[PDB]
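A.B. asks: Structure: data16.txt, compact mmCIF, N, CA and C atoms.
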```
# COMPACT_ATOMS: atom_id res chain seq x y z
N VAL A 1 -4.56 18.69 -23.90
CA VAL A 1 -5.06 17.53 -23.14
C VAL A 1 -6.58 17.38 -23.14
N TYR A 2 -7.36 18.44 -23.37
CA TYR A 2 -8.82 18.29 -23.57
C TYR A 2 -9.17 17.57 -24.89
N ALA A 3 -8.22 17.54 -25.84
CA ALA A 3 -8.36 17.03 -27.19
C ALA A 3 -7.23 16.03 -27.54
N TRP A 4 -6.78 15.26 -26.54
CA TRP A 4 -5.75 14.22 -26.62
C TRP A 4 -5.86 13.32 -27.87
N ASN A 5 -4.72 12.92 -28.44
CA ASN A 5 -4.66 12.15 -29.70
C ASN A 5 -4.34 10.68 -29.42
N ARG A 6 -5.13 9.76 -29.98
CA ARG A 6 -4.96 8.30 -29.89
C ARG A 6 -4.39 7.72 -31.19
N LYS A 7 -3.30 6.97 -31.09
CA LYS A 7 -2.72 6.17 -32.18
C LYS A 7 -2.92 4.69 -31.87
N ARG A 8 -3.56 3.93 -32.76
CA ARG A 8 -3.67 2.47 -32.61
C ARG A 8 -2.44 1.80 -33.21
N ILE A 9 -1.73 1.04 -32.39
CA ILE A 9 -0.57 0.23 -32.76
C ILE A 9 -1.05 -1.21 -32.96
N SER A 10 -0.69 -1.82 -34.09
CA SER A 10 -1.12 -3.17 -34.46
C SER A 10 -0.18 -3.81 -35.49
N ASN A 11 -0.26 -5.13 -35.63
CA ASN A 11 0.44 -5.93 -36.65
C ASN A 11 1.97 -5.72 -36.70
N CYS A 12 2.64 -5.70 -35.54
CA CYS A 12 4.08 -5.41 -35.44
C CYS A 12 4.75 -6.03 -34.20
N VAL A 13 6.06 -6.26 -34.28
CA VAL A 13 6.93 -6.53 -33.13
C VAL A 13 7.19 -5.23 -32.37
N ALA A 14 6.75 -5.14 -31.12
CA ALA A 14 7.20 -4.11 -30.20
C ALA A 14 8.58 -4.47 -29.62
N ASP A 15 9.28 -3.50 -29.05
CA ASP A 15 10.39 -3.77 -28.15
C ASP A 15 10.43 -2.73 -27.04
N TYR A 16 9.81 -3.06 -25.93
CA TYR A 16 9.68 -2.16 -24.80
C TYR A 16 11.02 -1.87 -24.13
N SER A 17 12.09 -2.63 -24.39
CA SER A 17 13.41 -2.28 -23.87
C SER A 17 13.93 -0.98 -24.48
N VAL A 18 13.47 -0.62 -25.68
CA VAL A 18 13.73 0.70 -26.29
C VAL A 18 13.21 1.83 -25.38
N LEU A 19 12.12 1.59 -24.65
CA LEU A 19 11.59 2.51 -23.66
C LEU A 19 12.25 2.31 -22.29
N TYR A 20 12.22 1.10 -21.71
CA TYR A 20 12.61 0.91 -20.31
C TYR A 20 14.13 1.00 -20.06
N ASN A 21 14.97 0.87 -21.09
CA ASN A 21 16.41 1.17 -20.97
C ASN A 21 16.71 2.68 -20.97
N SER A 22 15.77 3.55 -21.38
CA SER A 22 15.99 5.00 -21.43
C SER A 22 15.89 5.67 -20.05
N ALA A 23 16.78 6.63 -19.78
CA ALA A 23 16.70 7.52 -18.62
C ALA A 23 15.86 8.80 -18.87
N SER A 24 15.40 9.04 -20.11
CA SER A 24 14.72 10.29 -20.49
C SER A 24 13.35 10.51 -19.83
N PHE A 25 12.70 9.46 -19.32
CA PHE A 25 11.33 9.54 -18.82
C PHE A 25 11.28 9.94 -17.34
N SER A 26 10.59 11.06 -17.08
CA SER A 26 10.31 11.62 -15.75
C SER A 26 9.32 10.77 -14.95
N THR A 27 8.50 9.95 -15.61
CA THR A 27 7.61 8.95 -14.99
C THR A 27 7.37 7.79 -15.97
N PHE A 28 7.21 6.57 -15.46
CA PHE A 28 6.90 5.35 -16.23
C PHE A 28 6.19 4.33 -15.33
N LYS A 29 5.00 4.68 -14.81
CA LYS A 29 4.16 3.75 -14.02
C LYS A 29 3.54 2.69 -14.93
N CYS A 30 3.31 1.48 -14.41
CA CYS A 30 2.56 0.42 -15.10
C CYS A 30 1.57 -0.26 -14.16
N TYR A 31 0.44 -0.70 -14.72
CA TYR A 31 -0.70 -1.26 -13.99
C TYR A 31 -1.15 -2.56 -14.66
N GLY A 32 -1.37 -3.62 -13.88
CA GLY A 32 -1.73 -4.95 -14.40
C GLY A 32 -0.64 -5.69 -15.18
N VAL A 33 0.53 -5.07 -15.38
CA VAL A 33 1.74 -5.61 -16.00
C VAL A 33 2.98 -4.96 -15.38
N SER A 34 4.13 -5.61 -15.50
CA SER A 34 5.44 -5.07 -15.13
C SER A 34 6.20 -4.56 -16.37
N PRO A 35 6.86 -3.39 -16.31
CA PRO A 35 7.56 -2.81 -17.46
C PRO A 35 8.66 -3.72 -18.02
N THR A 36 9.41 -4.41 -17.16
CA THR A 36 10.47 -5.33 -17.60
C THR A 36 9.91 -6.63 -18.18
N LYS A 37 8.66 -6.98 -17.84
CA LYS A 37 7.96 -8.17 -18.32
C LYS A 37 7.33 -7.99 -19.71
N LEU A 38 7.12 -6.75 -20.17
CA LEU A 38 6.40 -6.45 -21.42
C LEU A 38 6.96 -7.15 -22.67
N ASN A 39 8.27 -7.37 -22.76
CA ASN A 39 8.87 -8.05 -23.92
C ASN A 39 8.53 -9.55 -24.02
N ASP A 40 7.97 -10.18 -22.98
CA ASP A 40 7.46 -11.55 -23.03
C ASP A 40 5.98 -11.65 -23.45
N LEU A 41 5.25 -10.53 -23.49
CA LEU A 41 3.79 -10.49 -23.66
C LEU A 41 3.35 -10.26 -25.12
N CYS A 42 2.05 -10.46 -25.35
CA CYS A 42 1.34 -10.15 -26.59
C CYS A 42 -0.01 -9.50 -26.29
N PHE A 43 -0.52 -8.71 -27.24
CA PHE A 43 -1.77 -7.96 -27.16
C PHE A 43 -2.49 -7.97 -28.52
N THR A 44 -3.81 -7.84 -28.53
CA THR A 44 -4.56 -7.73 -29.80
C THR A 44 -4.31 -6.37 -30.46
N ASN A 45 -4.32 -5.28 -29.70
CA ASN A 45 -3.91 -3.93 -30.09
C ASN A 45 -3.22 -3.24 -28.91
N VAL A 46 -2.51 -2.15 -29.19
CA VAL A 46 -2.08 -1.19 -28.16
C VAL A 46 -2.56 0.19 -28.57
N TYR A 47 -3.10 0.96 -27.64
CA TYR A 47 -3.56 2.32 -27.91
C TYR A 47 -2.62 3.30 -27.21
N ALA A 48 -1.93 4.11 -28.00
CA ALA A 48 -1.02 5.13 -27.51
C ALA A 48 -1.73 6.48 -27.52
N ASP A 49 -2.01 7.02 -26.34
CA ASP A 49 -2.68 8.31 -26.17
C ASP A 49 -1.65 9.36 -25.80
N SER B 1 -36.77 -45.14 -10.28
CA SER B 1 -37.15 -44.36 -9.09
C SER B 1 -37.03 -45.10 -7.74
N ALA B 2 -37.02 -46.44 -7.75
CA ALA B 2 -36.79 -47.24 -6.55
C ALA B 2 -35.38 -47.02 -5.96
N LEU B 3 -34.35 -46.96 -6.82
CA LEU B 3 -32.94 -46.83 -6.43
C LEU B 3 -32.50 -45.38 -6.19
N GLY B 4 -33.45 -44.46 -6.01
CA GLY B 4 -33.19 -43.05 -5.76
C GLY B 4 -32.20 -42.78 -4.63
N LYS B 5 -32.22 -43.54 -3.52
CA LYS B 5 -31.25 -43.38 -2.41
C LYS B 5 -29.80 -43.60 -2.80
N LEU B 6 -29.52 -44.50 -3.75
CA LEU B 6 -28.16 -44.76 -4.23
C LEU B 6 -27.74 -43.73 -5.28
N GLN B 7 -28.63 -43.38 -6.21
CA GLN B 7 -28.36 -42.34 -7.19
C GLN B 7 -28.18 -40.96 -6.53
N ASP B 8 -28.88 -40.67 -5.44
CA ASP B 8 -28.71 -39.47 -4.62
C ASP B 8 -27.29 -39.33 -4.05
N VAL B 9 -26.70 -40.42 -3.55
CA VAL B 9 -25.32 -40.43 -3.06
C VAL B 9 -24.32 -40.15 -4.19
N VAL B 10 -24.53 -40.75 -5.36
CA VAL B 10 -23.73 -40.47 -6.57
C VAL B 10 -23.86 -39.01 -7.00
N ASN B 11 -25.07 -38.46 -7.05
CA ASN B 11 -25.33 -37.08 -7.41
C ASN B 11 -24.68 -36.09 -6.44
N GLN B 12 -24.79 -36.29 -5.13
CA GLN B 12 -24.21 -35.38 -4.13
C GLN B 12 -22.69 -35.31 -4.21
N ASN B 13 -22.03 -36.45 -4.38
CA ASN B 13 -20.58 -36.49 -4.50
C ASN B 13 -20.10 -35.87 -5.82
N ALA B 14 -20.84 -36.02 -6.92
CA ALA B 14 -20.56 -35.32 -8.17
C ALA B 14 -20.74 -33.80 -8.03
N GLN B 15 -21.84 -33.30 -7.46
CA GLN B 15 -22.06 -31.87 -7.26
C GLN B 15 -21.00 -31.21 -6.39
N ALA B 16 -20.47 -31.91 -5.39
CA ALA B 16 -19.39 -31.45 -4.53
C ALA B 16 -18.07 -31.28 -5.31
N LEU B 17 -17.68 -32.26 -6.12
CA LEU B 17 -16.49 -32.15 -6.97
C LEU B 17 -16.64 -31.11 -8.08
N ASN B 18 -17.79 -31.01 -8.74
CA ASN B 18 -18.00 -30.00 -9.77
C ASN B 18 -17.94 -28.58 -9.19
N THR B 19 -18.42 -28.37 -7.97
CA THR B 19 -18.28 -27.08 -7.27
C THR B 19 -16.82 -26.78 -6.92
N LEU B 20 -16.06 -27.78 -6.47
CA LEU B 20 -14.64 -27.63 -6.16
C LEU B 20 -13.82 -27.26 -7.41
N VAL B 21 -14.09 -27.87 -8.56
CA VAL B 21 -13.43 -27.52 -9.83
C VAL B 21 -13.84 -26.14 -10.33
N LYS B 22 -15.12 -25.76 -10.30
CA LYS B 22 -15.55 -24.42 -10.71
C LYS B 22 -14.91 -23.32 -9.88
N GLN B 23 -14.71 -23.50 -8.58
CA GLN B 23 -14.07 -22.49 -7.73
C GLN B 23 -12.61 -22.19 -8.09
N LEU B 24 -11.95 -22.98 -8.94
CA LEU B 24 -10.64 -22.60 -9.49
C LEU B 24 -10.72 -21.39 -10.42
N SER B 25 -11.85 -21.21 -11.11
CA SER B 25 -12.07 -20.13 -12.06
C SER B 25 -12.39 -18.77 -11.43
N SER B 26 -12.66 -18.71 -10.12
CA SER B 26 -12.95 -17.49 -9.36
C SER B 26 -11.69 -16.65 -9.11
N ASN B 27 -11.79 -15.32 -9.18
CA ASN B 27 -10.64 -14.42 -8.99
C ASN B 27 -10.28 -14.19 -7.53
N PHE B 28 -11.24 -14.20 -6.61
CA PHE B 28 -11.06 -13.82 -5.20
C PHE B 28 -10.44 -12.41 -5.00
N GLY B 29 -10.55 -11.55 -6.02
CA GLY B 29 -9.96 -10.21 -6.05
C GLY B 29 -8.57 -10.11 -6.68
N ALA B 30 -8.00 -11.18 -7.23
CA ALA B 30 -6.78 -11.11 -8.04
C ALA B 30 -7.06 -10.57 -9.46
N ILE B 31 -6.03 -10.14 -10.19
CA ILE B 31 -6.15 -9.65 -11.58
C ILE B 31 -6.64 -10.72 -12.58
N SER B 32 -6.40 -12.00 -12.29
CA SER B 32 -6.84 -13.16 -13.07
C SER B 32 -7.00 -14.34 -12.11
N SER B 33 -7.87 -15.30 -12.41
CA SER B 33 -7.89 -16.59 -11.72
C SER B 33 -6.83 -17.55 -12.25
N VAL B 34 -6.24 -17.30 -13.42
CA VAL B 34 -5.20 -18.15 -13.98
C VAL B 34 -3.86 -17.77 -13.37
N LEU B 35 -3.28 -18.66 -12.58
CA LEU B 35 -2.04 -18.41 -11.84
C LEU B 35 -0.83 -18.16 -12.76
N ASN B 36 -0.80 -18.78 -13.94
CA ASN B 36 0.18 -18.47 -14.99
C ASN B 36 0.03 -17.07 -15.61
N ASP B 37 -1.16 -16.46 -15.65
CA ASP B 37 -1.29 -15.06 -16.09
C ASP B 37 -0.58 -14.13 -15.11
N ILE B 38 -0.83 -14.30 -13.81
CA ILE B 38 -0.26 -13.46 -12.76
C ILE B 38 1.26 -13.49 -12.86
N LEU B 39 1.84 -14.69 -12.92
CA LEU B 39 3.28 -14.89 -12.98
C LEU B 39 3.91 -14.42 -14.29
N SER B 40 3.22 -14.55 -15.43
CA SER B 40 3.74 -14.08 -16.72
C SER B 40 3.54 -12.58 -16.95
N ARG B 41 2.76 -11.87 -16.13
CA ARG B 41 2.53 -10.42 -16.22
C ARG B 41 3.21 -9.58 -15.15
N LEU B 42 3.47 -10.10 -13.95
CA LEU B 42 3.90 -9.29 -12.79
C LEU B 42 5.28 -9.69 -12.24
N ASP B 43 5.98 -8.72 -11.63
CA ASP B 43 7.22 -8.95 -10.88
C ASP B 43 6.97 -9.77 -9.61
N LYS B 44 7.99 -10.44 -9.07
CA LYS B 44 7.89 -11.28 -7.86
C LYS B 44 7.14 -10.59 -6.71
N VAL B 45 7.49 -9.35 -6.39
CA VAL B 45 6.90 -8.60 -5.27
C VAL B 45 5.42 -8.27 -5.51
N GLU B 46 5.04 -8.01 -6.76
CA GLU B 46 3.66 -7.67 -7.15
C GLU B 46 2.79 -8.92 -7.32
N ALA B 47 3.34 -9.97 -7.94
CA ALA B 47 2.69 -11.26 -8.11
C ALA B 47 2.35 -11.88 -6.76
N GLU B 48 3.25 -11.88 -5.78
CA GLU B 48 2.97 -12.51 -4.48
C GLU B 48 1.78 -11.92 -3.73
N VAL B 49 1.43 -10.65 -3.94
CA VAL B 49 0.20 -10.05 -3.37
C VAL B 49 -1.06 -10.63 -4.02
N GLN B 50 -1.02 -10.86 -5.33
CA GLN B 50 -2.13 -11.41 -6.11
C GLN B 50 -2.29 -12.92 -5.89
N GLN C 1 5.99 29.11 -20.49
CA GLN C 1 7.20 29.93 -20.66
C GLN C 1 8.46 29.16 -20.24
N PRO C 2 9.59 29.27 -20.97
CA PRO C 2 10.80 28.49 -20.70
C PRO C 2 11.43 28.76 -19.32
N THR C 3 11.14 29.92 -18.72
CA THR C 3 11.56 30.31 -17.37
C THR C 3 10.69 29.73 -16.23
N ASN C 4 9.59 29.02 -16.53
CA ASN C 4 8.72 28.41 -15.51
C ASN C 4 9.47 27.45 -14.55
N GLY C 5 8.99 27.35 -13.31
CA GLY C 5 9.45 26.35 -12.33
C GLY C 5 9.06 24.92 -12.72
N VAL C 6 9.75 23.92 -12.18
CA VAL C 6 9.72 22.52 -12.67
C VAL C 6 8.32 21.88 -12.66
N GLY C 7 7.44 22.28 -11.74
CA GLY C 7 6.04 21.85 -11.68
C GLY C 7 5.12 22.50 -12.72
N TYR C 8 5.50 23.68 -13.23
CA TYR C 8 4.76 24.46 -14.23
C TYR C 8 5.37 24.41 -15.64
N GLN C 9 6.50 23.72 -15.82
CA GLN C 9 7.03 23.38 -17.14
C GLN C 9 6.12 22.35 -17.85
N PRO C 10 6.09 22.31 -19.19
CA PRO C 10 5.36 21.31 -19.94
C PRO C 10 6.04 19.94 -19.88
N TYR C 11 5.22 18.89 -19.91
CA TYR C 11 5.64 17.50 -20.03
C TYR C 11 4.83 16.85 -21.15
N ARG C 12 5.52 16.11 -22.02
CA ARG C 12 4.90 15.21 -22.99
C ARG C 12 4.53 13.92 -22.27
N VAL C 13 3.26 13.54 -22.36
CA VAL C 13 2.71 12.33 -21.75
C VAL C 13 2.24 11.39 -22.84
N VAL C 14 2.67 10.13 -22.76
CA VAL C 14 2.17 9.03 -23.59
C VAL C 14 1.62 7.93 -22.69
N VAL C 15 0.35 7.58 -22.86
CA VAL C 15 -0.26 6.45 -22.17
C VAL C 15 -0.38 5.30 -23.16
N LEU C 16 0.22 4.15 -22.83
CA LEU C 16 0.06 2.92 -23.59
C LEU C 16 -0.98 2.05 -22.89
N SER C 17 -2.11 1.80 -23.55
CA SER C 17 -3.19 0.94 -23.05
C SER C 17 -3.13 -0.40 -23.76
N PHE C 18 -3.11 -1.51 -23.02
CA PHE C 18 -2.83 -2.84 -23.57
C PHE C 18 -4.09 -3.70 -23.68
N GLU C 19 -4.38 -4.22 -24.87
CA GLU C 19 -5.58 -5.01 -25.15
C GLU C 19 -5.34 -6.52 -24.99
N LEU C 20 -5.53 -7.03 -23.77
CA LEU C 20 -5.56 -8.47 -23.47
C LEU C 20 -6.98 -9.01 -23.66
N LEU C 21 -7.19 -9.84 -24.69
CA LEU C 21 -8.50 -10.38 -25.10
C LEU C 21 -8.41 -11.85 -25.55
N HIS C 22 -9.56 -12.51 -25.66
CA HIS C 22 -9.71 -13.85 -26.28
C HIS C 22 -9.31 -13.88 -27.77
N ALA C 23 -9.34 -12.72 -28.42
CA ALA C 23 -8.94 -12.51 -29.81
C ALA C 23 -7.46 -12.84 -30.07
N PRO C 24 -7.05 -13.08 -31.33
CA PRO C 24 -5.63 -13.24 -31.68
C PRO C 24 -4.81 -11.99 -31.33
N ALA C 25 -3.51 -12.17 -31.10
CA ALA C 25 -2.59 -11.06 -30.90
C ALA C 25 -2.15 -10.44 -32.23
N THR C 26 -1.89 -9.13 -32.23
CA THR C 26 -1.26 -8.45 -33.38
C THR C 26 -0.07 -7.58 -32.97
N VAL C 27 0.11 -7.28 -31.69
CA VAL C 27 1.32 -6.65 -31.15
C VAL C 27 1.96 -7.63 -30.19
N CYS C 28 3.26 -7.89 -30.32
CA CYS C 28 3.98 -8.81 -29.44
C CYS C 28 5.39 -8.30 -29.15
N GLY C 29 5.97 -8.71 -28.03
CA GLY C 29 7.39 -8.48 -27.76
C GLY C 29 8.32 -9.22 -28.74
N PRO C 30 9.63 -8.94 -28.71
CA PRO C 30 10.59 -9.37 -29.72
C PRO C 30 11.05 -10.83 -29.61
N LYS C 31 10.51 -11.60 -28.66
CA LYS C 31 10.93 -12.98 -28.35
C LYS C 31 10.74 -13.92 -29.54
N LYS C 32 11.81 -14.61 -29.95
CA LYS C 32 11.82 -15.47 -31.15
C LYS C 32 11.04 -16.77 -30.94
N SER C 33 10.32 -17.20 -31.97
CA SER C 33 9.68 -18.52 -32.01
C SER C 33 10.72 -19.64 -32.13
N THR C 34 10.29 -20.88 -31.87
CA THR C 34 11.10 -22.10 -31.98
C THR C 34 10.23 -23.28 -32.41
N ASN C 35 10.83 -24.44 -32.66
CA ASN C 35 10.18 -25.62 -33.21
C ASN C 35 9.02 -26.14 -32.33
N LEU C 36 7.96 -26.65 -32.96
CA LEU C 36 6.88 -27.38 -32.28
C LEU C 36 7.33 -28.82 -31.95
N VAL C 37 6.94 -29.32 -30.78
CA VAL C 37 7.15 -30.71 -30.33
C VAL C 37 5.80 -31.34 -30.01
N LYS C 38 5.61 -32.63 -30.31
CA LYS C 38 4.37 -33.37 -30.07
C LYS C 38 4.62 -34.63 -29.23
N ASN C 39 3.58 -35.12 -28.54
CA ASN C 39 3.53 -36.34 -27.72
C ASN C 39 4.43 -36.38 -26.46
N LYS C 40 5.51 -35.61 -26.37
CA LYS C 40 6.26 -35.40 -25.12
C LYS C 40 5.54 -34.43 -24.17
N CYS C 41 5.77 -34.56 -22.86
CA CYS C 41 5.52 -33.49 -21.89
C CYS C 41 6.53 -32.36 -22.10
N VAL C 42 6.04 -31.14 -22.34
CA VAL C 42 6.86 -29.96 -22.64
C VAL C 42 6.36 -28.74 -21.88
N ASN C 43 7.26 -27.81 -21.60
CA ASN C 43 6.92 -26.45 -21.23
C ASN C 43 6.59 -25.68 -22.51
N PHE C 44 5.61 -24.78 -22.49
CA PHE C 44 5.18 -24.06 -23.70
C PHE C 44 4.78 -22.61 -23.42
N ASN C 45 4.81 -21.79 -24.46
CA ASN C 45 4.38 -20.40 -24.45
C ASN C 45 3.81 -20.04 -25.84
N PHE C 46 2.49 -19.97 -25.97
CA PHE C 46 1.82 -19.54 -27.20
C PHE C 46 1.33 -18.09 -27.03
N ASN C 47 1.90 -17.12 -27.74
CA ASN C 47 1.53 -15.69 -27.62
C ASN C 47 1.44 -15.18 -26.16
N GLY C 48 2.34 -15.60 -25.27
CA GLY C 48 2.30 -15.24 -23.84
C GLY C 48 1.46 -16.17 -22.95
N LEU C 49 0.71 -17.12 -23.52
CA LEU C 49 0.07 -18.22 -22.79
C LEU C 49 1.13 -19.24 -22.34
N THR C 50 1.85 -18.93 -21.27
CA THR C 50 2.79 -19.85 -20.62
C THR C 50 2.05 -21.03 -19.98
```
Turn the structure described in the file into structure tokens.

C.D. replies:
Amino acid sequence: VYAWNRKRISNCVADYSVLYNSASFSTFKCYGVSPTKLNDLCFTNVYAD
Amino acid sequence: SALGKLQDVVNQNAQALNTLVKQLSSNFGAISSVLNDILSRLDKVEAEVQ
Amino acid sequence: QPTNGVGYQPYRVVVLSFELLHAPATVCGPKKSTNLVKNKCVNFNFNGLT
């Protein structure tokens, strides 16, 4: 965690239902957006840390 | 410059409306001033606070 | 260690940070496009601009 890795996601269709339909996640907080709303949205990039 | 009293009334009423329109762009502490951003990003319970 | 208590076990963490900008979009949800309409009053959504 002192040397955390960033992946830039770009130029693709996301599908956040692949994430939010899963029970595997011990936490899934969201800020400035709703997790169920994400499939209606668009972004210039997404950064996965 | 003689008709300044009439042009002053026109100017004051214009400045009042231009201030009223500009205040739509202010956030007042919401995530966006655009009401369609709030509704297209947030759930009912979260949007109603904003 | 695999015998650790639930607070001291490892967790994989992924943070997704979302870039909302004036720039064009390059990541979007799976929602399908549809035909353009002109001169009528219509409801619209361009890249999440409802």

A.B. asks: Using all atoms listed in the file for the distances, tell me which of B:6, B:21, B:42, B:47 is nearest to chain A.

C.D. replies: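 For chain A, the nearest of the candidates is B:42.
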
A.B. asks: I need the contact residues of chain A against chain B, so if you could list those with any atom within 8 Å, counting all atoms listed in the file, and return them as a PyMOL selection string, that would help.

C.D. replies: chain A and resi 32-38+40-41

A.B. asks: Using all atoms listed in the file, determine which residues of chain A fall within 7 Å of chain C; present them as JSON, numbers by chain.

C.D. replies: {"A": [9, 10, 11, 12, 13, 14, 15, 16, 38, 39, 40, 41, 42, 43, 44, 45, 46, 47, 48, 49]}

A.B. asks: Determine which residues of region 7-48 of chain C receive a DSSP assignment of strand (DSSP E), computed from the backbone, and state them as a PDB file with N, CA and C atoms, in the frame of the given file.

C.D. replies:
```pdb
ATOM      1  N   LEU C  16       0.220   4.150 -22.830  1.00  0.00           N
ATOM      2  CA  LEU C  16       0.060   2.920 -23.590  1.00  0.00           C
ATOM      3  C   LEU C  16      -0.980   2.050 -22.890  1.00  0.00           C
ATOM      4  N   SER C  17      -2.110   1.800 -23.550  1.00  0.00           N
ATOM      5  CA  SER C  17      -3.190   0.940 -23.050  1.00  0.00           C
ATOM      6  C   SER C  17      -3.130  -0.400 -23.760  1.00  0.00           C
ATOM      7  N   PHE C  18      -3.110  -1.510 -23.020  1.00  0.00           N
ATOM      8  CA  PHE C  18      -2.830  -2.840 -23.570  1.00  0.00           C
ATOM      9  C   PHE C  18      -4.090  -3.700 -23.680  1.00  0.00           C
ATOM     10  N   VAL C  27       0.110  -7.280 -31.690  1.00  0.00           N
ATOM     11  CA  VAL C  27       1.320  -6.650 -31.150  1.00  0.00           C
ATOM     12  C   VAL C  27       1.960  -7.630 -30.190  1.00  0.00           C
ATOM     13  N   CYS C  28       3.260  -7.890 -30.320  1.00  0.00           N
ATOM     14  CA  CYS C  28       3.980  -8.810 -29.440  1.00  0.00           C
ATOM     15  C   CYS C  28       5.390  -8.300 -29.150  1.00  0.00           C
TER      16      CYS C  28
END
```

A.B. asks: Using only C-alpha atoms, which of C:2, C:39, C:44, C:34 sits nearest chain B?

C.D. replies: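 Looking at the shortest contact to chain B, the residue is C:44.
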
A.B. asks: Distance CA of residue 20 (chain B)-CA of residue 48 (chain B), one decimal place?

C.D. replies: 23.3 Å

A.B. asks: Write out as number ranges by chain the set of residues from chain A that DSSP, computed on the backbone, places in helix (DSSP H, G or I).

C.D. replies: A: 17-20, 38-40

A.B. asks: With N, CA and C atoms retained, write the just-selected residues as a PDB file, in the frame of the given file.

C.D. replies:
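Saved as part-v5.pdb:
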```
ATOM      1  N   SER A  17      12.090  -2.630 -24.390  1.00  0.00           N
ATOM      2  CA  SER A  17      13.410  -2.280 -23.870  1.00  0.00           C
ATOM      3  C   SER A  17      13.930  -0.980 -24.480  1.00  0.00           C
ATOM      4  N   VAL A  18      13.470  -0.620 -25.680  1.00  0.00           N
ATOM      5  CA  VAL A  18      13.730   0.700 -26.290  1.00  0.00           C
ATOM      6  C   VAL A  18      13.210   1.830 -25.380  1.00  0.00           C
ATOM      7  N   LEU A  19      12.120   1.590 -24.650  1.00  0.00           N
ATOM      8  CA  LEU A  19      11.590   2.510 -23.660  1.00  0.00           C
ATOM      9  C   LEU A  19      12.250   2.310 -22.290  1.00  0.00           C
ATOM     10  N   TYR A  20      12.220   1.100 -21.710  1.00  0.00           N
ATOM     11  CA  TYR A  20      12.610   0.910 -20.310  1.00  0.00           C
ATOM     12  C   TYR A  20      14.130   1.000 -20.060  1.00  0.00           C
ATOM     13  N   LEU A  38       7.120  -6.750 -20.170  1.00  0.00           N
ATOM     14  CA  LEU A  38       6.400  -6.450 -21.420  1.00  0.00           C
ATOM     15  C   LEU A  38       6.960  -7.150 -22.670  1.00  0.00           C
ATOM     16  N   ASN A  39       8.270  -7.370 -22.760  1.00  0.00           N
ATOM     17  CA  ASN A  39       8.870  -8.050 -23.920  1.00  0.00           C
ATOM     18  C   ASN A  39       8.530  -9.550 -24.020  1.00  0.00           C
ATOM     19  N   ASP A  40       7.970 -10.180 -22.980  1.00  0.00           N
ATOM     20  CA  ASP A  40       7.460 -11.550 -23.030  1.00  0.00           C
ATOM     21  C   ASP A  40       5.980 -11.650 -23.450  1.00  0.00           C
TER      22      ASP A  40
END
```

A.B. asks: Under the rule that only C-alpha atoms are counted, which of B:36, B:30, B:3, B:10 is the nearest residue to chain C?

C.D. replies: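 Ranking B:36, B:30, B:3, B:10 by distance to chain C, first place goes to B:36.
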
A.B. asks: Just to confirm, what's the straight-line distance from CA of residue 9 (chain C) to atom N of residue 24 (chain A) in Å (one decimal)?

C.D. replies: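 We find that CA of residue 9 (chain C) and atom N of residue 24 (chain A) lie 16.9 Å from each other.
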
A.B. asks: State, in Å with one decimal place, the distance from CA of residue 27 (chain B) to atom N of residue 42 (chain C).

C.D. replies: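 These two atoms are separated by 27.1 Å.
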
A.B. asks: Around all the atoms of region 5-10 of chain C listed in the file, with 4 Å of room on each side, what axis-aligned box do you get, giving centre and edge lengths in Å to one decimal, as AutoDock Vina command-line options?

C.D. replies:
```
--center_x 7.3 --center_y 23.6 --center_z -15.8 --size_x 13.0 --size_y 15.4 --size_z 16.3
```

A.B. asks: Take region 11-18 of chain B, bring it up to N, CA, C and O atoms, and give me the output as a short mmCIF file (atom, residue, chain, number, x, y, z; two decimals), in the coordinates of the input.

C.D. replies:
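Saved result, part.cif, follows:
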```cif
data_model
loop_
_atom_site.label_atom_id
_atom_site.label_comp_id
_atom_site.auth_asym_id
_atom_site.auth_seq_id
_atom_site.Cartn_x
_atom_site.Cartn_y
_atom_site.Cartn_z
N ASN B 11 -25.07 -38.46 -7.05
CA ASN B 11 -25.33 -37.08 -7.41
C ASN B 11 -24.68 -36.09 -6.44
O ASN B 11 -24.05 -35.14 -6.88
N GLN B 12 -24.79 -36.29 -5.13
CA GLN B 12 -24.21 -35.38 -4.13
C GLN B 12 -22.69 -35.31 -4.21
O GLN B 12 -22.12 -34.23 -4.14
N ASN B 13 -22.03 -36.45 -4.38
CA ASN B 13 -20.58 -36.49 -4.50
C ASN B 13 -20.10 -35.87 -5.82
O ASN B 13 -19.09 -35.16 -5.81
N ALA B 14 -20.84 -36.02 -6.92
CA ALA B 14 -20.56 -35.32 -8.17
C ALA B 14 -20.74 -33.80 -8.03
O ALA B 14 -19.83 -33.05 -8.39
N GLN B 15 -21.84 -33.30 -7.46
CA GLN B 15 -22.06 -31.87 -7.26
C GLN B 15 -21.00 -31.21 -6.39
O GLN B 15 -20.61 -30.07 -6.64
N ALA B 16 -20.47 -31.91 -5.39
CA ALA B 16 -19.39 -31.45 -4.53
C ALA B 16 -18.07 -31.28 -5.31
O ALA B 16 -17.45 -30.23 -5.22
N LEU B 17 -17.68 -32.26 -6.12
CA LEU B 17 -16.49 -32.15 -6.97
C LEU B 17 -16.64 -31.11 -8.08
O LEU B 17 -15.71 -30.35 -8.32
N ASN B 18 -17.79 -31.01 -8.74
CA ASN B 18 -18.00 -30.00 -9.77
C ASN B 18 -17.94 -28.58 -9.19
O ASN B 18 -17.38 -27.69 -9.82
#
```
